[PDB]
């Protein structure tokens, strides 16, 4: 608990440049005696990481500040702000005294039914089916499915499931389930979903039609080393990532793609192999 108060001290010193005793009392429900104890024990242990400005009556970081308790990370903080903007993280867990002005891109899909999600979660947990009326892109029909995982593509949640009427694994968009009922026992093993369990590396590069000035900017945004960034992804998610990034669209102007997927052919081939390998495992299990 006290170490958390020292990371807080250092968080205030690093990102906000100043610390009051009242910051600790208000954020951690500690007494002013305890606050004086923590600053002293902190000063004893971090040395001249902290200084007292008698003018502002605040504690300030020294020029030599080396965090000793706090692992400083911009990506963790920026990620933490997003959790606040979506309401997933309450304001009390964000240590800013003053929040920076900010916004994010609205999430469009929402309004998931709790009972739908409850029944889906029960089926996953119990390794059971559910009967669903599912609106696909090709038809509405009643189907029995056995959920095994949840996947978020960046916009929508889908359930990864055994399709009981097809003896294969497929994705079902949660918002496209229009009626849901508890089902029966499905005989399947999730280890047979080779498209789910296989991880592949995406080979992302600047779009070959970019100029050096364009290519240098793209390399910096996506932290490329040696002109590329490798990203491991499940084959099931690689599809969503490829389509979402329009890496399937070959005729796009260079400035909109920014990226190319150098190994897109192997990924497409691997998806086809995963579906075929899955079928072989399914049949071999059903025959045992």
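Residue numbers count along the first chain shown, from 1.
J.: Using the B-factors recorded in the PDB entry, average over the C-alpha atoms of 78-86 and of 144-152, then report which stretch comes out higher.
T.: It is 78-86.
J.: Between 94-102 and 176-184, name whichever shows the higher mean Cα B factor according to the PDB entry.
T.: Higher of the two, by average CA B-factor, is 94-102.
J.: Out of 242, 231, 54, 235, which one has a C-alpha B factor higher than all the others in the entry?
T.: Across 242, 231, 54, 235, the entry lists the biggest C-alpha B-factor for 54.
J.: Which of these has the highest Cα B-factor in the record: 216, 200, 164, 121?
T.: By C-alpha B-factor in the record, 216 ranks first.
J.: In terms of the chain's CA B-factor thirds, is residue 277 lowest, middle or highest?
T.: Its C-alpha B-factor belongs to the lowest third of this chain's values.
J.: For residue 108, return the chain-relative third of its C-alpha B-factor as stated in the PDB record: lowest, middle or highest.
T.: Tercile = highest for this residue's CA B-factor.
J.: Per the entry's values, where does residue 270 land by CA temperature factor relative to the rest of its chain, in the lowest, middle or highest third?
T.: Answer is lowest: the recorded C-alpha B-factor places it there.
J.: Relative to the other modelled residues of the same chain, rank the CA B-factor of residue 204 and answer lowest, middle or highest third.
T.: According to the entry, residue 204 has a C-alpha B-factor in the chain's middle third.
J.: Ranked by Cα temperature factor within the chain, is residue 136 in the lowest third, the middle third or the highest third?
T.: Tercile = middle for this residue's CA B-factor.
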